[PDB]
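What the coordinates show
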Amino acid sequence: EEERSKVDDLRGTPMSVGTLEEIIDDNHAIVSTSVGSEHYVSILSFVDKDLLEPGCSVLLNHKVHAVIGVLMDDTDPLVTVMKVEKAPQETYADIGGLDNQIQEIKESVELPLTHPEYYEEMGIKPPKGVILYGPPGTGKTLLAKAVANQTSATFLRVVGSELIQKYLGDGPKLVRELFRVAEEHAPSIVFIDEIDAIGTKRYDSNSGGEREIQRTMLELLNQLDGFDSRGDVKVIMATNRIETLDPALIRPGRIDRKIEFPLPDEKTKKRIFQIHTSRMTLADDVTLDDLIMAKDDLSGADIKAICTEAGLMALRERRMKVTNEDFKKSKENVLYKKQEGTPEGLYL
Amino acid sequence: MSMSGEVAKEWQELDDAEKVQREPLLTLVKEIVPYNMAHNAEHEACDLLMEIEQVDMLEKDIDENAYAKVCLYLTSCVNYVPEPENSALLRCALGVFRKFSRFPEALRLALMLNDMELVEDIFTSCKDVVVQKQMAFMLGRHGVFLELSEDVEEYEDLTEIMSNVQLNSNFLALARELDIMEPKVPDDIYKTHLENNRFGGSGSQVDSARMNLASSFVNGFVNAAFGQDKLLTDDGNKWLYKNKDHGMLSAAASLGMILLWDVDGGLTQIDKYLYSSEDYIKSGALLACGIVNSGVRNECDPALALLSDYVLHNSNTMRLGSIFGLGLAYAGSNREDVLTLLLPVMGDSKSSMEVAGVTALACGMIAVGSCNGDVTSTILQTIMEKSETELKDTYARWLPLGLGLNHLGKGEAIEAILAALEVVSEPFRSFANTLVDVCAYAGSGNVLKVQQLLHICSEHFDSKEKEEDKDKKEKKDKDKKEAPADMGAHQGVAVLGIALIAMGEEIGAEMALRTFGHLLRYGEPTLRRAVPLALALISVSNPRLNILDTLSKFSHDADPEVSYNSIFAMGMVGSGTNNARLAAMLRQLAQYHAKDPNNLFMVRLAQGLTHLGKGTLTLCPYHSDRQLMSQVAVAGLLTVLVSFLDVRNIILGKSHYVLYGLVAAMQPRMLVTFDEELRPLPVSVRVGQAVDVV
């Protein structure tokens, strides 16, 4: 109240926004503002000097080049991307059919947080996260537990891709992405998916090629190795096929649990589609006995695609109808799509 | 009509039947069916807006619901004159129920936006003016039963239509989860009062008629119940055999069987620790040494004889914990000792509590279910002998704890005889006195008691006691939600608000973090000292996350008053479970150089947070606590408080024999803890030993 109308004459009304350079034990704090100017700032006001750290946005009063205090930093375009949450809109009611795999790793993702008593008595602890892999959705298979881990603590999704992310590399600002999201809550889940390193068409712009893509992955190790990080930041990696991680990289993590999901069977595919359609069906009436019996075989990926076009082609009638000559003809397109590459083999 | 089947989409087909009504009635649905059934036709669901009126006036049911799936709006207001509405509605009421559960035995509906929303939308006009008893009673749906009731006093809602045990099991279960957010819960049979024979009889009829599987909720009910009130009223409601059911009642064999089971799950060291402390003779504390032998032995008389013969020296208040063990020893099962327990009362003018008030408290607190009924009339007659010498102050604190505990609805009024001594007029001593004095007499609940006592005491007003006087009305009505409405005053003394939020809200979910956090930030200074005191109630749900967090900043504060209320805020509600953080926090706390009892009140009271009545045999070893209390007692050197702390952790430490836990899972509240714990706030000299009874 009175401090607002008091220090205002001591700092302002006009002032400037500078940056911090270094601090001396004599209470003189060297600051640097645009452009190329230093100074000795001795102020006892409002500091908080320990929480600052250099590189800050700390203000500089006009008279004369003194820092009264701080406001905040946003900062940079980099933070505006994700905007939390992600909230559990991918539901355990969208997945089903997998049992032996769903039981084991459910413990690892839930091993921190709850049941701390026997976790702290251990003292070695596995705070390495987990690791996933496999096509097409084998990595997305257990991603449903990552969104199930959005109901508590915090989740993060980072797209690995191939080219667009380049930088030095040095990975300077992606460690910032991991650090700024953990500063809000500090539990964490960090998820990486779709490593294309082996499937690259070419190198991007001036990076490398060849070994420099390897050394930024070796830096991806040295980041993750890592020295020195204690808490989580729970690390989760995923890809279609991993030849990437060196025998050295797997030792810190994930040395405990990495997952493989086999191709679904008649029990999983029926439990995949019936559960996927539990929210929304097409014209109701759907029976899964003849669906898995007609097409043999292929993953439950395209079974939604043929049902996507099922109500889509019927939408020419604006809601509901089935044409026997047209439906089997439209099914022929996807039926032949899998029937062009039917043999391998005899994959066996 | 032909307009309903037009290819054009032009509006509207709604409400058009009101204009021309009797004439379209000559036709039937035969014209409507070809438009709705055939696909690729205009006005599919739009034609149902006119059809929902035709099927409603024709009493046809399950068709009106199927046609209202898309509408969801015109169902509310539909054609006004109430006589045609309430007529066909009862025809729709009884006519929709027969369309359900026709299999029979479910399958259940199938809250759905079709069935449950339509009966809810029409229930508006039902609860507005006319008729009564909608499909919620006929269909028996528990989902609509949550929306059946309207805002009303729930005290008359305890009665329901009687049905089979099969449906009543799911009825009481789903009505419980509705009432957990409501002030009144099915557990109110303890608190309420009531006191009529209805709940006592109905409580014993849930296990009827089976006497074999009745072992639960009956045998474990009578033994874990310390009061006779639940074993008295239910005695007339328990018809099993004849007259011989008293063996498992009166807490004679009941408390004896569970005490032997505590020995099997025990036990506490007797010869080693006590006889080793006997070579140390009497410590200079004269504080915590008496209550030690109280709970321990139990029952042995040789240890009881050393108590009596010693305390005849009369020195200070030391007799408190000792004579409290005189009765509690034999009373561990029953009855007991109630004859010679009150003998030292009139045998020792008091003239204060520390002399003759000790044994006068003995018979009152150690009673535990008596009454019986001689103890009631004995306590009231005994206190009427000593009036001017008590007088209004020091022993008037403990006396209400011998009545309101056992019976909240007792007919004998001990308030009027004590209230005539208020002429002492002292505002200071009356603070910690009249606080629990008027409150612990009885639970009341008739709202007439608080109005009476307000007029006779004030008269005028005391300008001070009126603070604690209105808090009794806040204590009287339990979580009735009137308390948030009673805090609008918010006087400068601020004692109203802190006692209002704690007791005035009892629920499973906290929900009070919005108000509790607001009163501390918006409150005046020095109020934050008493803010953590509300943590002894609302924190019973999840004390781990919320308690130690905020108290971590309040524990390291240099103010001795707020640090004294910090460890107390955690206190008993925080001592239910152990953790590695609590044990690791004990370091550096006892290493402080601060003087005064606040130093050892912070560290040593936290030593009792590792367990309550658990060990040591079985389970946690006592050598860990022995080495901890020995190394800390080498400082100062005396500083006699070092002999208070080493015997403090073994108060509840070596007692055992009672698992609390919570107390209790039945959700009562201990009236001795909330009473005494408010005195240590302006602690002076002897107000700390009054709390030592626990």
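- In the PDB archive, cryo-EM is given as the structure determination method for this entry, at a resolution of 8.0 Å.

Re the overall build of chain B
- Looking only at helices and strands, chain B has 36 helices and zero strands in total.
- The dimensions of chain B, computed from C-alpha atoms along their principal axes, are 110 × 65 × 60 Å.
- Summing over all exposed atoms, chain B offers an accessible surface of approximately 39000 Å²; the carbon and sulfur share of this is 60%.
- One finds the centroid of the 62 positive side-chain charges in chain B at a distance of 6 Å from the centroid of its 94 negative side-chain charges.

Quick word on the pairing of strand β2 (residues 19-23) of chain A
All names here are of chain A.
- Sheet topology places β2 next to strand β3 (residues 28-32); four bridges connect them, and they run antiparallel. The residue bridging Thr19 from the neighbouring strand is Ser32, located in β3.
- Between β2 and the antiparallel strand that follows it, β3, lie four residues; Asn27 among them carries a positive phi value of about 85°.

Digging into the UniProt feature "repeat: PC" in chain B
- This chain's UniProt record puts "repeat: PC" on residues 250-283, 284-320, 321-355, 358-392, 401-430, 533-564 and 583-598 of chain B.
- Structurally, residues 284-320 of chain B is divided into 57% helix and 0% strand, and its ends, taken at the C-alpha atoms, are 15 Å apart.

With respect to the interface of chain A and chain B
- Taken together, the contacts link four residues of chain A with four residues of chain B.
- For the pair chain A and chain B, the summed buried area comes to about 310 Å², and 43% of that belongs to carbon and sulfur atoms.
- Considering only the surface of chain A that becomes buried against chain B, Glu120, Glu317 and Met320 of chain A emerge as the three largest contributors, covering 75% of it.
- Taken together, chain A and chain B are joined by zero salt bridges.
- Remark: the boundary between chain A and chain B carries two residue pairs in polar contact.
- Counted by class, the side of chain A that touches chain B contains one nonpolar, no polar and three charged residues.

Comments concerning the packing of aromatic side chains
All names here are of chain B.
- Tallied over the full model, the rule gives five aromatic pairs over all chains.
- Seen from their ring centres, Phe217 and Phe221 are 5.8 Å apart, and the 45° between their planes marks the pair as tilted.
- With a centroid separation of 6.0 Å and 75° between ring planes, the pair formed by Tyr273 and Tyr622 is classed as edge-to-face.
- Judged by its relative accessible area of 12%, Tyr273 is buried.
- Given the relative accessible area of 11%, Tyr622 is considered buried.
- Its guanidinium or amino end placed over the ring of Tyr622, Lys654 lies 4.6 Å from that ring's centre, counting from NZ or CZ.

Some points on the UniProt feature "binding site: ATP" in chain A
All names here are of chain A.
- What UniProt calls "binding site: ATP" maps, in this numbering, to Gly134, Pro135, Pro136, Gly137, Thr138, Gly139, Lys140 and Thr141.
- Not counting residues within four places of it along the chain, the set of residues in contact with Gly134 comprises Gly139, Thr239 and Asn240.
- You can see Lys140 is positioned in helix α5 (residues 138-141).
- The exposure class assigned to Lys140 is exposed, which follows from its relative accessible area of 59%.

Examining the pairing of strand β7 (residues 156-159) of chain A
Residue and element names in this part refer to chain A.
- Residues of β7 alternate between two faces, with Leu156 and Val158 buried on one and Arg157 and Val159 left unburied on the opposite face.
- The pairing of β7 with strand β8 (residues 190-193) spans four bridges and is classified as parallel. The residue of β8 that forms the bridge with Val158 is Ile192.
- Once you follow β7 into helix α7 (residues 174-182) and on to β8, the crossover reads as right-handed.

Brief notes about unusual backbone geometry
- A cis amide bond links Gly12 of chain A with the next residue in sequence, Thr13 of chain A, at an omega value of 0°.
- Following the sequence through the fold, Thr13 of chain A ends up in the loop between α1 (7-11) and β1 (15-17).
- Here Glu390 of chain B and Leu391 of chain B are connected by a cis peptide whose omega angle stands at -10°.
- Locating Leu391 of chain B in the fold gives a position in the loop between α21 (374-383) and α22 (415-419).
- Even without being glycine, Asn243 of chain B reaches a positive phi, approximately 65°.
- Note on placement: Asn243 of chain B falls in the loop between α12 (229-237) and α13 (253-264).
- Unusually for a residue other than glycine, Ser463 of chain B sits at a positive phi of about 65°.
- The residue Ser463 of chain B is located in the loop between α24 (448-458) and α25 (465-476) in this model.

Concerning the environment of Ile192 of chain A
Residue and element names in this part refer to chain A.
- Summarising the element assignment, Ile192 is placed in strand β8.
- Spatially, the C-alpha atoms of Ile192 and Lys234 are 11 Å apart, while their sequence positions differ by 42 residues.
- Apart from residues no more than four positions distant in its own chain, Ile192 is found in contact with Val158, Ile236, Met237 and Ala238.

Thoughts on the sheet that holds strand β6 (residues 130-131) of chain A
- Taken in spatial order, the four strands line up as β6-β9-β8-β7 (chain A) in an open sheet, and their pairing is parallel. Lying at the two open borders of the sheet, with one neighbouring strand each, are β6 and β7 of chain A.

Some thoughts on the pattern of salt bridges
- In this structure the tally under the stated criterion is 16 salt bridges over all chains.
- One salt bridge connects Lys267 of chain A with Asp265 of chain A, and the closest N-O pair in it is separated by 2.9 Å.
- Overall, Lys267 of chain A belongs to the exposed group, its relative accessible area being 57%.
- Residue class for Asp265 of chain A comes out partly exposed when judged on its relative accessible area of 33%.
- Measuring nitrogen to oxygen at the nearest pair gives 3.0 Å for the salt bridge that ties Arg679 of chain B to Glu676 of chain B.

Focus on helix α4 (residues 63-71) of chain B
Residue and element names in this part refer to chain B.
- All of the buried residues along α4 are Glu64, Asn65, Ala68 and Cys71. For α4, the buried positions fall inside an angular range of 105° around the axis, keeping them on one side.
- Check the buried side of α4 and you find it contacts α3 (48-57) and α6 (115-128).
- With its phi angle positive at about 65°, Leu72 sits one or two positions after the end of α4.

Quick notes on the rules
- Residues numbered from 1 in each chain as written, not as in the entry; some residues may be left out.
- Chains lettered and ligands numbered in written order.
- Part of a larger assembly, values for the part shown.
- Heavy atoms only, no water.
- Helix = DSSP H or I, 4+ residues; strand = E, 2+ residues; numbered from the N terminus.
- Areas by Shrake-Rupley, 256 points an atom, 1.4 Å probe, with all protein chains shown as cover.
- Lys, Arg positive; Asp, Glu negative; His and termini not counted.
- Charge placed at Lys NZ, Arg CZ, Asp CG, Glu CD.
- Pairing = 2+ DSSP bridges.
- UniProt positions renumbered as here; feature names shortened; annotations may be inferred.
- Contact = heavy atoms within 4.5 Å.
- Buried area = accessible area lost by both parts, 1.4 Å probe.
- Salt bridge = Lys/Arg side-chain N within 4 Å of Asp/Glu carboxyl O.
- Polar contact = N/O pair within 3.5 Å; in protein donor to acceptor, adjacent residues only side chain to side chain.
- Nonpolar A, V, L, I, M, F, W, Y, C, P; charged D, E, K, R; others polar.
- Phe/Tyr/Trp six-rings, centres within 6.5 Å; stacked < 30°, edge-to-face > 60°.
- Buried < 20%, exposed > 50% of the residue type's maximum accessible area, 1.4 Å probe, protein only.
- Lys NZ or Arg CZ within 6 Å of the ring centre and 35° of its normal.
- Right-handed = clockwise from strand over helix to strand, strands pointing away.
- Arc of directions from axis to C-beta.

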